[PDB]
Amino acid sequence: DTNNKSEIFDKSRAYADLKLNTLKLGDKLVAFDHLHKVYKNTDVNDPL
Amino acid sequence: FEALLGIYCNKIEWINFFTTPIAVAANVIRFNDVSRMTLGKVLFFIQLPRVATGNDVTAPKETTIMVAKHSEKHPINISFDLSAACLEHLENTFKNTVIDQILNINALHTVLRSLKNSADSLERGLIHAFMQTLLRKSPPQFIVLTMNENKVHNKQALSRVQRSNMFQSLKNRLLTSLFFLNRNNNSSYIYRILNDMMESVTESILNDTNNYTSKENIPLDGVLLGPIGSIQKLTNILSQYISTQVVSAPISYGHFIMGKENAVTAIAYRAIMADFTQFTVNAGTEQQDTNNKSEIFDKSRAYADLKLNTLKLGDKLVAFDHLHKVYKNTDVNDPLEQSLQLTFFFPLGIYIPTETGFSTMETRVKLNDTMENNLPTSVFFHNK
Amino acid sequence: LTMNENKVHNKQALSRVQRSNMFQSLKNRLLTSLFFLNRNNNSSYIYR
Amino acid sequence: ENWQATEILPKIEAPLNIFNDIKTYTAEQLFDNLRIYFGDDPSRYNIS
Amino acid sequence: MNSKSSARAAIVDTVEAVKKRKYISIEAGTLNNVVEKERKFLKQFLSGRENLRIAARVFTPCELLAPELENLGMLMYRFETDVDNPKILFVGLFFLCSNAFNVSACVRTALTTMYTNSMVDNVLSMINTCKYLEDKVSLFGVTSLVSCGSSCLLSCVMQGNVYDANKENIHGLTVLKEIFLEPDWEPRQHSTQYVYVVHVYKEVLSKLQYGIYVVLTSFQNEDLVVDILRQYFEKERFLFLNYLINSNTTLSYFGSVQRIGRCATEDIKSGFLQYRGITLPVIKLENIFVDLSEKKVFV
Amino acid sequence: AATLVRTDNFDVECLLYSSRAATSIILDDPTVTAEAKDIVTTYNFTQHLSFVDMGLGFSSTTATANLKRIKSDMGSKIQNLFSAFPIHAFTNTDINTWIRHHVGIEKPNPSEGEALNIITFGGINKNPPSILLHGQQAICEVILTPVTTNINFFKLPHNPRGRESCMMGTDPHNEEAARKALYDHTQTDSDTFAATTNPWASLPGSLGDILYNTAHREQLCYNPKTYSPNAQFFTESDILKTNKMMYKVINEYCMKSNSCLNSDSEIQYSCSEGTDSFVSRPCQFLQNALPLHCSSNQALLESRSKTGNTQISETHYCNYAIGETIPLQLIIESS
Amino acid sequence: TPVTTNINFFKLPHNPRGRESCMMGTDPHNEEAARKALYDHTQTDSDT
Amino acid sequence: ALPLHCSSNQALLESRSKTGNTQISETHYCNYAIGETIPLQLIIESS
Amino acid sequence: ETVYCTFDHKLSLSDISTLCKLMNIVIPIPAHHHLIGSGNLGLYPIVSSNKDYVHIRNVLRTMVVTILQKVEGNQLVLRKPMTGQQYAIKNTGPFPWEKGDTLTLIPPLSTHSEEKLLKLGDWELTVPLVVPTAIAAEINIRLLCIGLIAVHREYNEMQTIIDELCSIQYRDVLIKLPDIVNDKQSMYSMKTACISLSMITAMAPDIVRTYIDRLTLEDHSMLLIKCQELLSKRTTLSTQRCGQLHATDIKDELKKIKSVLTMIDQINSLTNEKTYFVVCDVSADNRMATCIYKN
Amino acid sequence: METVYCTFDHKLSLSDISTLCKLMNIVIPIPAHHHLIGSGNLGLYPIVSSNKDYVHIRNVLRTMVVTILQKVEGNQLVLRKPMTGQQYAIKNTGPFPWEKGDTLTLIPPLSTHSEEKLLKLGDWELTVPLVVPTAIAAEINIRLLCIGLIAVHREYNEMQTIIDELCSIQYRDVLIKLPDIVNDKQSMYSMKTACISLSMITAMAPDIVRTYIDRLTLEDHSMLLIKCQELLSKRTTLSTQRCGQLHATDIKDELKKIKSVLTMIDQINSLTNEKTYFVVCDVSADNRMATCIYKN
Amino acid sequence: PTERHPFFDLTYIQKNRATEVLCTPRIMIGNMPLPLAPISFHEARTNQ
């Protein structure tokens, strides 16, 4: 019954470091942003 | 192709009785013959101290009072079945075939996990039955406060003036302090009423040095436990006073065995003296009326350390938690969620006498003159 | 928010009184918390 | 019913059993088996 | 597979299951004090979870049991009596099939000549002076262990196969060939049939005469068997519809059926009894699991 | 005129305090037993517990904390007495057919003598309301004077018997003086120079006693499933037992939390098995009910909805408006 | 109608079918009781 | 659907515009005015 | 399978001695369940609080029989009986058991002068009477006769005719049926049972008349002749004024037959009496008896 | 021995074997009483091709020997022959809520509009009879006997006006109906004996009983009582009033007559009453499987 | 204690010197007692 890793879900991949705008809500760090920088100049609207 | 991915199973968490903070209200001692015990009772001896009277006042006599507390008893059970096919695949292999091996291993894991689940269920049933008995015992707060306010003289039990004013005070406490977390917001006031609970409640009998003791020998004093919907608001309004500390708590049940003395007296006289050998050897000596430890209540058991959410109410450290972590996925409700039944009454068609009639709020409304407006026939009121 | 308050109690099935009070709660939550950034200004409330 | 067991036999002291002054409790019949006596009753000494 | 081995394993498993039902393991401390007879009895320690048949001891005056002290396996009837001294009294199926009306005159007289004495004559007079039959005399079970002392001891089986002890020579119910009949379209349909007893009354212008029938059918359902027995007895049923109103005797039906128990189709064999030279044709059912259900009347 | 009474059930979260080691539990080693049937083998683990309660005073208290919801409608569907006492009838067939016609009961010919367990033992409704928007509702009924003073009676928590019937002012273990309190009008009530305000509810053999007391309800047949919220005020065999001493009264009260009363199935029934965990009925304990925010017409109700003044009662000429005693709308809006 | 009551109907969020038609009070998977809720007037609506 | 701030005439509508009380619904003799359930005008004024 | 019962109040020593006197008895139980309190042990939670006698007879048919096995320190061991096996039953009823008798449960003849085997704070213990089947039929018929004739007035022999109904005798043990002059202690009142009987005996002749007046051309040959005889013997002057002079609806005939058949399958309770026990042997002095369990 | 192995003659599909895995713990009757059976004798389809008559299917379903499905393995299919008084778990098929404590009988399938989503495989189906409460089984048997008594009254469109009102019944908020009763003579025998017993109830009815109607109308008064007054007013097709009302100690004759009336009532009940096959003890919360302690 | 049912006037009458309780229905609305139905109330019902 025991199984450790799910290869379709867990697979070795390269990692990096980047910055995110975070909030703190009761020891919960949440990334917090807008997608306007990828909907800057398109043919669609921001779907929010 | 249709691809099916990994099968994810649940891991049921494990509820030791002494991990949950109901066990600071509890004190649980194995005794293998309550299936044959008729009545357990404890007998308490209170002698009252009196004051010296003044000149020419009849002195009250020396008052000696005995109270006997009985034992309720309550069974629990757990049933689980095994199917006939699983019982066949459990014990043997018919042959060394691969499917027989797979189903054999599956049936073995089924039986083992079912026994584990039944043990967890007996522990949670102990939680639930003890919570059941606490809520059957516990009187509500307005009754407790009014009875702490109203006391008696020696001469006669609770005079009619005393109990009538007691009833009117019950009305007032009920109509003011009913819906408690919802009406006010003052942390001072809500902390004051929790202080009133902890001063209203009377203390237990046994003072063990090590049962639920903090560091440097300060005993924890009781548990305040609610549902999580209460306690989220309670932490949000009382986060100044809530801490977590490591408290020396027991881990195992107490254990008591009869002797030949007790078994022989149970056969001959249908009864048991507990603490029988101390009760025997302290007889001819001087120390008769003193006895130190009650073996049926104080018994050596293993100890450990654990963390508890505590509050400080006037130098009183009190465990403070919710039982939702053991009522996460259970068929029975959290029994702290309980229903009220308030009864409402209202009239219709009451004829106010025109002969002594009046109206205030003349400036607000103005009727149109019709006798359907000048006699009440219907009554209007709002729904939920 | 309404479903987490009106989770099914451990009984045979989801009850009519449960879902009717759930519907009235849906009306109330909708008519109160609809336009969120625009009505109030309490950072405590919005953070809540 | 056995009260000379209490009257004679060893007893363990206990701190702060009560708060609301058992005069009121006994007077309003809180208990199941109670027994009061004011003057020192001699019927603990008639052991048969 | 091996086959022979697994067969021996199953036979050993059945024998060990019989021992598990028969003896009990003892968890007494079992010290070396006792004598060897008590030692071996404490090692074995039988209990009565082995026979699984239900019997009853019975005392009856031996004047009534004329063929039934010799021919083991008979229906027996409890006749309560207003005499305080003996409150119940036991009766042979043939002893009651004497004055049953189904039996032809030759068989009736022949059996009577078996059953002729003062005690049996007085008991038949009592049975005739009784108003109805079915709730002054009643069905009781199947005979085993006749002792025949002064007052003869009869064991009698309420439930299970008919045997005294040793589970050897398992006796069978003996039914008089004339009194039984099987109402069904196919007699002996597929397999084991249920054997019933039908009491049918009749009125020849003065008194009631009872008739004792035994039916064998494949139907289990009592509603089905009373539905086939009404179709069988519809004419005399009609005659009682006229009788039961003008009569005043306390009865309210035509007859009643009650299940004896199971049989087997291949365990039905013919034969004849003989007592004092009177050859008497019978249908001997061989192995019977006795199962008394309730009496079910039909009007 | 008429005092209409109605009970409402509230979902309440409600916390408990208990002193440490207040009560001891002694248990058996859980016993194993096995039932080997032909399709399954069922293992049963049983365990005996005993509770000794070591504190003398009440070492455990419990206070009402916060409303969750209201499962009650607070509607107006009155008690259909033609389904509550469905055995009775007027004499003539034309009269009875017209009364059933005009009051609008369904199934006007019961066929009771054919099938009486259907309707003596309790008329099974067989059909809930196809739409339901607010939960349960049930409204009982007391017939009254058009004379009874509002300001003495209706604007305050008060027993709708007319004469108040609270046994916290009666001599304990004195049933003669108790029945004199519930019935005597040579004496006065307190709170007024008026021993009665409903002389058809308070008086013995009146339409309170002959209709809602179970001593006559068990004579005149009825549905046991029909919940009547005025039996809790007019059953007197269940108030002469409350005529005891005060700790026995509150021990009996807190032991009376088996909570046979459900809160399922579209209307208040009264099933009597005690499967539900807990209920607490302070109106049952205090033997009075509460006044709610009703009014006489929309004219007064509009100014009440303007100012929010649901606490202060106010009267027009012959139109009255009663002030509410617990502002539960404000309570729900606060959470 | 010129008769339809304002305060029972128009001053509240309410279905302009007259009879309210919210399926959160109806038995799920019961089309017969559903059409009885949408059409029947032997029964009453709630709220009045 | 939802009720919105309508009235029977300008008489009721002017006093509504005075006090801003668009929530509370009020009636004259046969003229009525329906209170608004979402104060969307105040919403747009707030942003 | 066993059942544990823990009592709710405390018990006196005389009460525990009463249980040791009653250590074998039948007890009916509503829920087929392992842990039962004294609040639901017995039959007094059903009788005396709910419709009596005919629903009581249906309920005594449909509850779970369960016998006492052993009394612990304060708990009750009740073994529930399996079909086809032996058990042991003590004799509480007055009528003497004999061997080979069939046994059944009748409701208790609920006079309130009984010694009330337990009476534990407004709860009491009521058992059904185990009785032979013949006496059960006789008791049922005597009760229906009392409940029929108690509604008639102006019989001046009503006291002696109720007394001759109430005195029955069976194997030298008399008993008086406690449904005397309608004392209302527990008359049981049986009003649907007598109403149902008389609805049957009133709706029968016209239903068999409307059926038999049709399709005689077919050769049934037995039914047509029998109904004429049976109907015109008792009701010799048949249908003179006729009531409505033969204006019937097919729907009316439908409702007549549907009603008259509802009455029968709802008086199904007093229809039959099942044999709960077949006693094989009876111990000496008629204290108890080992029986086998059926139905 | 007790176990019976069903082996299908025709091949099947994986949807079929998934349905048979779903369909577990269902009572299937077999006529064979053998140790091996094929698909020709599994179920009730080998009889429901013969005239499809509901009374006929019920009669042979009474003659059937019932078994319980256990352990579908391969194309083999285990059937346990259930022993007397033992406990077995039954998955339910009758559209009912299955309140505990009641008895169950086994009834022919009431044909719904939707075809069975169970098993239809090479001109062979799996006709599983329903399991219903005993009270509604008696109700159906009443409706059949009533249609026998009324369909003797030969009409045109009045049969339809009776049947469309009659057949759709509601028990525990469930509508069922049974169509296409060709009204064979097999119901006529089961109705003839009811006719016999009503004649005898009439002739042996005592003088107390018909008097008891009028006496209770004079003593008490009720709407419910009125309903019975309305039946006795609506039909007065007997009108033969007796002479004497003295009851001058005829009491043994009265006992004898009342015993006779009760016994004729028992005969009509033995017609209309079907045999309890199962006794429910424990029900799942789904109302999908429930335990019984009784097997025919 | 005279008023017991608002439709039924109750009293005491003497026949052969027994006090003979007596129930008698008030038929008309005015026969209710004037402290229980005042005359201004009858004029108000009349104006209705």
# chains A, B, ... in the order shown; residues from 1 in each chain; ligands from 1

call {"tool": "residues_around", "arguments": {"residues": "stretch 29-44 of chain K", "least_positions_apart": "4", "cutoff": "8 Å", "atoms": "only C-alpha atoms", "output": "list in words"}}
result
residues 351, 353, 354, 355, 371 and 375 of chain B; 145, 146 and 147 of chain F; 6, 7 and 48 of chain K

call {"tool": "residues_around", "arguments": {"residues": "stretch 19-33 of chain C", "least_positions_apart": "2", "cutoff": "8 Å", "atoms": "only C-alpha atoms", "output": "PyMOL selection string"}}
result
(chain C and resi 2-3+6+14-17+35-36) or (chain F and resi 69-71+132-135) or (chain G and resi 24-25) or (chain H and resi 37-38)

call {"tool": "residues_around", "arguments": {"residues": "residue D:25", "least_positions_apart": "4", "cutoff": "12 Å", "atoms": "only C-alpha atoms", "output": "PyMOL selection string"}}
result
(chain B and resi 65-67+147-148+150-154+157-158) or (chain D and resi 18-21+29-32+34) or (chain F and resi 56-58+245-248)

call {"tool": "write_last_selection", "arguments": {"atoms": "N, CA and C atoms", "output": "compact mmCIF listing (two decimals), in the first residue's frame"}}
result
# COMPACT_ATOMS: atom_id res chain seq x y z
N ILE B 65 -21.56 16.70 58.87
CA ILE B 65 -22.31 16.43 57.64
C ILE B 65 -21.58 15.37 56.84
N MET B 66 -22.33 14.39 56.33
CA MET B 66 -21.79 13.37 55.45
C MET B 66 -22.54 13.38 54.14
N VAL B 67 -21.80 13.34 53.05
CA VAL B 67 -22.40 13.23 51.72
C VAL B 67 -21.80 12.03 51.01
N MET B 147 -26.98 30.87 42.14
CA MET B 147 -26.83 30.06 43.34
C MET B 147 -25.59 30.42 44.14
N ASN B 148 -24.56 30.95 43.48
CA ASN B 148 -23.44 31.45 44.26
C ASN B 148 -23.80 32.73 44.98
N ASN B 150 -26.93 33.53 46.11
CA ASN B 150 -27.94 33.29 47.14
C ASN B 150 -27.50 32.16 48.07
N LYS B 151 -27.32 32.50 49.34
CA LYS B 151 -26.93 31.58 50.40
C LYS B 151 -28.01 31.56 51.48
N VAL B 152 -27.73 30.88 52.60
CA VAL B 152 -28.76 30.59 53.59
C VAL B 152 -28.20 30.82 54.99
N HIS B 153 -29.12 30.99 55.94
CA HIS B 153 -28.87 30.91 57.36
C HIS B 153 -29.15 29.48 57.83
N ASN B 154 -28.71 29.17 59.05
CA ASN B 154 -28.94 27.86 59.66
C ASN B 154 -30.42 27.56 59.86
N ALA B 157 -34.35 26.41 55.38
CA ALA B 157 -33.83 26.28 54.02
C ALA B 157 -34.49 27.28 53.08
N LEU B 158 -33.72 28.30 52.68
CA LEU B 158 -34.03 29.24 51.59
C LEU B 158 -35.42 29.83 51.60
N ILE D 18 -15.42 22.45 48.52
CA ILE D 18 -16.67 23.16 48.36
C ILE D 18 -16.38 24.65 48.30
N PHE D 19 -17.31 25.38 47.71
CA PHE D 19 -17.27 26.83 47.70
C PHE D 19 -18.54 27.46 48.24
N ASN D 20 -19.70 26.91 47.90
CA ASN D 20 -20.97 27.53 48.25
C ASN D 20 -21.57 26.93 49.51
N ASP D 21 -20.72 26.52 50.45
CA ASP D 21 -21.08 26.46 51.87
C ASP D 21 -22.21 25.49 52.17
N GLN D 29 -31.23 20.01 49.59
CA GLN D 29 -31.25 18.61 49.16
C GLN D 29 -30.50 18.42 47.84
N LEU D 30 -29.22 18.77 47.87
CA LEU D 30 -28.41 18.52 46.69
C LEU D 30 -28.02 17.07 46.58
N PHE D 31 -27.86 16.39 47.70
CA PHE D 31 -27.10 15.15 47.70
C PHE D 31 -28.01 13.93 47.69
N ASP D 32 -27.38 12.78 47.49
CA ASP D 32 -28.10 11.52 47.42
C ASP D 32 -28.11 10.80 48.75
N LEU D 34 -27.10 11.82 52.37
CA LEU D 34 -26.53 12.70 53.37
C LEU D 34 -27.06 12.32 54.74
N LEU F 56 -18.06 18.22 44.99
CA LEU F 56 -19.35 18.32 45.66
C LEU F 56 -20.25 19.35 45.03
N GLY F 57 -19.78 20.59 44.91
CA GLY F 57 -20.46 21.58 44.11
C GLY F 57 -20.32 21.27 42.64
N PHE F 58 -20.93 22.12 41.83
CA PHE F 58 -20.95 21.87 40.39
C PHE F 58 -19.58 22.22 39.83
N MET F 245 -37.36 20.87 45.83
CA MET F 245 -36.36 21.82 46.29
C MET F 245 -35.36 22.10 45.18
N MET F 246 -34.62 23.21 45.32
CA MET F 246 -34.09 23.91 44.14
C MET F 246 -32.99 23.12 43.45
N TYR F 247 -32.13 22.45 44.21
CA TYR F 247 -31.08 21.67 43.58
C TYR F 247 -31.63 20.43 42.91
N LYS F 248 -32.71 19.85 43.44
CA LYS F 248 -33.37 18.76 42.75
C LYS F 248 -34.04 19.24 41.47

call {"tool": "select_by_dssp", "arguments": {"residues": "chain G", "states": "helix (DSSP H, G or I)", "output": "PyMOL selection string"}}
result
chain G and resi 6-9+23-25+31-39

call {"tool": "residues_around", "arguments": {"residues": "residue A:48", "least_positions_apart": "3", "cutoff": "12 Å", "atoms": "only C-alpha atoms", "output": "JSON list (two decimals) with N, CA, C and O atoms, in the first residue's frame"}}
result
[["chain", "number", "residue", "atom", "x", "y", "z"],
["A", 34, "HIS", "N", -0.58, 40.81, -10.14],
["A", 34, "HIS", "CA", -1.47, 41.02, -11.27],
["A", 34, "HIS", "C", -0.83, 40.47, -12.54],
["A", 34, "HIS", "O", 0.39, 40.48, -12.69],
["A", 35, "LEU", "N", -1.68, 40.01, -13.45],
["A", 35, "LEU", "CA", -1.23, 39.49, -14.74],
["A", 35, "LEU", "C", -1.30, 40.55, -15.84],
["A", 35, "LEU", "O", -1.31, 40.21, -17.03],
["A", 36, "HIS", "N", -1.33, 41.83, -15.45],
["A", 36, "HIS", "CA", -1.39, 42.88, -16.45],
["A", 36, "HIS", "C", -0.11, 42.95, -17.26],
["A", 36, "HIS", "O", -0.14, 43.36, -18.42],
["A", 39, "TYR", "N", -0.85, 40.72, -19.99],
["A", 39, "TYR", "CA", -1.93, 41.25, -20.80],
["A", 39, "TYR", "C", -1.73, 42.73, -21.13],
["A", 39, "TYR", "O", -2.71, 43.48, -21.22],
["A", 44, "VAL", "N", -6.77, 40.33, -26.40],
["A", 44, "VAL", "CA", -7.76, 39.91, -25.43],
["A", 44, "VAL", "C", -7.72, 40.87, -24.25],
["A", 44, "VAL", "O", -6.86, 41.74, -24.16],
["A", 45, "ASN", "N", -8.67, 40.69, -23.35],
["A", 45, "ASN", "CA", -8.70, 41.42, -22.09],
["A", 45, "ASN", "C", -8.14, 40.55, -20.98],
["A", 45, "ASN", "O", -7.93, 39.34, -21.16]]

call {"tool": "select_by_dssp", "arguments": {"residues": "stretch 52-101 of chain F", "states": "strand (DSSP E or B)", "output": "list in words"}}
result
residues 52, 53, 60, 61, 62, 63, 64, 65, 66, 67, 68, 69, 70, 72 and 78 of chain F

call {"tool": "write_last_selection", "arguments": {"atoms": "N, CA, C and O atoms", "output": "PDB file, in the first residue's frame"}}
result
ATOM      1  N   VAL F  52     -17.520   8.246  38.677  1.00  0.00           N
ATOM      2  CA  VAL F  52     -17.781   8.814  39.993  1.00  0.00           C
ATOM      3  C   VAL F  52     -17.452  10.295  39.913  1.00  0.00           C
ATOM      4  O   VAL F  52     -16.457  10.686  39.299  1.00  0.00           O
ATOM      5  N   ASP F  53     -18.311  11.114  40.483  1.00  0.00           N
ATOM      6  CA  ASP F  53     -18.209  12.559  40.333  1.00  0.00           C
ATOM      7  C   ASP F  53     -17.701  13.099  41.654  1.00  0.00           C
ATOM      8  O   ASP F  53     -18.460  13.198  42.619  1.00  0.00           O
ATOM      9  N   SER F  60     -18.439  21.741  36.972  1.00  0.00           N
ATOM     10  CA  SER F  60     -18.486  21.855  35.521  1.00  0.00           C
ATOM     11  C   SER F  60     -19.661  22.748  35.164  1.00  0.00           C
ATOM     12  O   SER F  60     -20.798  22.430  35.514  1.00  0.00           O
ATOM     13  N   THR F  61     -19.400  23.840  34.461  1.00  0.00           N
ATOM     14  CA  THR F  61     -20.446  24.756  34.039  1.00  0.00           C
ATOM     15  C   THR F  61     -20.445  24.873  32.521  1.00  0.00           C
ATOM     16  O   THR F  61     -19.536  24.392  31.839  1.00  0.00           O
ATOM     17  N   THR F  62     -21.476  25.521  31.987  1.00  0.00           N
ATOM     18  CA  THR F  62     -21.690  25.556  30.540  1.00  0.00           C
ATOM     19  C   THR F  62     -22.532  26.771  30.191  1.00  0.00           C
ATOM     20  O   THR F  62     -23.678  26.867  30.628  1.00  0.00           O
ATOM     21  N   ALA F  63     -21.989  27.688  29.394  1.00  0.00           N
ATOM     22  CA  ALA F  63     -22.689  28.918  29.052  1.00  0.00           C
ATOM     23  C   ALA F  63     -22.938  29.015  27.557  1.00  0.00           C
ATOM     24  O   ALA F  63     -22.064  28.689  26.751  1.00  0.00           O
ATOM     25  N   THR F  64     -24.133  29.480  27.201  1.00  0.00           N
ATOM     26  CA  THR F  64     -24.473  29.758  25.814  1.00  0.00           C
ATOM     27  C   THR F  64     -23.598  30.883  25.283  1.00  0.00           C
ATOM     28  O   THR F  64     -23.472  31.933  25.916  1.00  0.00           O
ATOM     29  N   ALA F  65     -22.977  30.654  24.129  1.00  0.00           N
ATOM     30  CA  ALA F  65     -21.915  31.518  23.638  1.00  0.00           C
ATOM     31  C   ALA F  65     -22.284  32.311  22.393  1.00  0.00           C
ATOM     32  O   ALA F  65     -22.096  33.529  22.373  1.00  0.00           O
ATOM     33  N   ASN F  66     -22.804  31.666  21.351  1.00  0.00           N
ATOM     34  CA  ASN F  66     -22.916  32.316  20.053  1.00  0.00           C
ATOM     35  C   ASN F  66     -23.967  31.592  19.227  1.00  0.00           C
ATOM     36  O   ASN F  66     -24.001  30.362  19.216  1.00  0.00           O
ATOM     37  N   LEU F  67     -24.821  32.352  18.543  1.00  0.00           N
ATOM     38  CA  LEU F  67     -25.750  31.749  17.598  1.00  0.00           C
ATOM     39  C   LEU F  67     -25.029  31.329  16.331  1.00  0.00           C
ATOM     40  O   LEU F  67     -24.156  32.038  15.826  1.00  0.00           O
ATOM     41  N   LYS F  68     -25.389  30.161  15.821  1.00  0.00           N
ATOM     42  CA  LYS F  68     -25.030  29.800  14.451  1.00  0.00           C
ATOM     43  C   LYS F  68     -26.116  30.313  13.515  1.00  0.00           C
ATOM     44  O   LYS F  68     -25.881  31.211  12.703  1.00  0.00           O
ATOM     45  N   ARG F  69     -27.326  29.777  13.659  1.00  0.00           N
ATOM     46  CA  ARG F  69     -28.420  30.009  12.728  1.00  0.00           C
ATOM     47  C   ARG F  69     -29.726  29.954  13.504  1.00  0.00           C
ATOM     48  O   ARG F  69     -29.737  29.795  14.726  1.00  0.00           O
ATOM     49  N   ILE F  70     -30.834  30.088  12.784  1.00  0.00           N
ATOM     50  CA  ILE F  70     -32.158  29.785  13.313  1.00  0.00           C
ATOM     51  C   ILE F  70     -32.790  28.756  12.393  1.00  0.00           C
ATOM     52  O   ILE F  70     -33.087  29.053  11.229  1.00  0.00           O
ATOM     53  N   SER F  72     -35.723  27.592  12.873  1.00  0.00           N
ATOM     54  CA  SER F  72     -37.145  27.872  12.840  1.00  0.00           C
ATOM     55  C   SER F  72     -37.473  28.880  11.751  1.00  0.00           C
ATOM     56  O   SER F  72     -36.672  29.756  11.420  1.00  0.00           O
ATOM     57  N   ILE F  78     -50.371  27.923  11.737  1.00  0.00           N
ATOM     58  CA  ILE F  78     -50.993  27.657  13.028  1.00  0.00           C
ATOM     59  C   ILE F  78     -51.211  26.164  13.209  1.00  0.00           C
ATOM     60  O   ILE F  78     -51.129  25.396  12.246  1.00  0.00           O
TER      61      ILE F  78
END

call {"tool": "residues_around", "arguments": {"residues": "residue B:334", "least_positions_apart": "5", "cutoff": "8 Å", "atoms": "only C-alpha atoms", "output": "VMD selection string"}}
result
chain B and resid 227 323 to 324 327

call {"tool": "residues_around", "arguments": {"residues": "stretch 28-37 of chain G", "least_positions_apart": "4", "cutoff": "12 Å", "atoms": "only C-alpha atoms", "output": "list in words"}}
result
residues 13, 14, 15, 16 and 19 of chain C; 127, 128, 129, 130, 131, 132 and 133 of chain F; 19, 20, 21, 22, 23, 24, 41, 42, 43, 44, 45 and 46 of chain G; 173, 174 and 175 of chain J

call {"tool": "write_last_selection", "arguments": {"atoms": "C-alpha atoms", "output": "compact mmCIF listing (two decimals), in the first residue's frame"}}
result
# COMPACT_ATOMS: atom_id res chain seq x y z
CA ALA C 13 -28.56 12.85 3.88
CA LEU C 14 -28.46 16.62 3.38
CA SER C 15 -31.61 17.98 4.97
CA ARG C 16 -34.28 20.33 3.66
CA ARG C 19 -30.42 23.70 2.56
CA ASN F 127 -46.19 14.77 1.81
CA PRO F 128 -44.01 17.59 3.09
CA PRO F 129 -44.41 21.05 1.56
CA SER F 130 -42.89 20.84 -1.90
CA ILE F 131 -41.20 24.20 -1.31
CA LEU F 132 -39.67 25.20 2.02
CA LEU F 133 -37.57 28.29 2.58
CA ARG G 19 -44.87 32.39 -6.35
CA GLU G 20 -41.22 31.90 -5.50
CA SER G 21 -39.33 29.32 -7.56
CA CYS G 22 -36.01 28.61 -5.86
CA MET G 23 -34.88 24.99 -6.15
CA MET G 24 -32.89 25.14 -2.91
CA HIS G 41 -51.83 26.08 -4.97
CA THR G 42 -53.55 23.50 -2.84
CA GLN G 43 -50.26 23.90 -1.02
CA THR G 44 -49.15 27.30 0.15
CA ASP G 45 -46.01 29.18 -0.65
CA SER G 46 -43.71 30.07 2.19
CA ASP J 173 -44.13 8.60 -0.92
CA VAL J 174 -43.69 6.14 -3.82
CA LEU J 175 -46.00 5.71 -6.82

call {"tool": "residues_around", "arguments": {"residues": "stretch 219-233 of chain F", "least_positions_apart": "2", "cutoff": "7 Å", "atoms": "only C-alpha atoms", "output": "list in words"}}
result
residues 6, 7, 84, 85, 86, 87, 120, 121, 122, 123, 140, 212, 213, 216, 217, 235, 268, 269, 270, 271, 284 and 287 of chain F

call {"tool": "decode", "arguments": {"residues": "stretch 273-277 of chain F", "atoms": "C-alpha atoms", "output": "CSV table (one decimal), in the first residue's frame"}}
result
chain,number,residue,atom,x,y,z
F,273,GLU,CA,-36.5,8.3,21.5
F,274,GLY,CA,-33.7,10.6,22.5
F,275,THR,CA,-31.2,10.1,19.7
F,276,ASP,CA,-30.1,13.7,19.4
F,277,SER,CA,-27.4,15.0,21.7
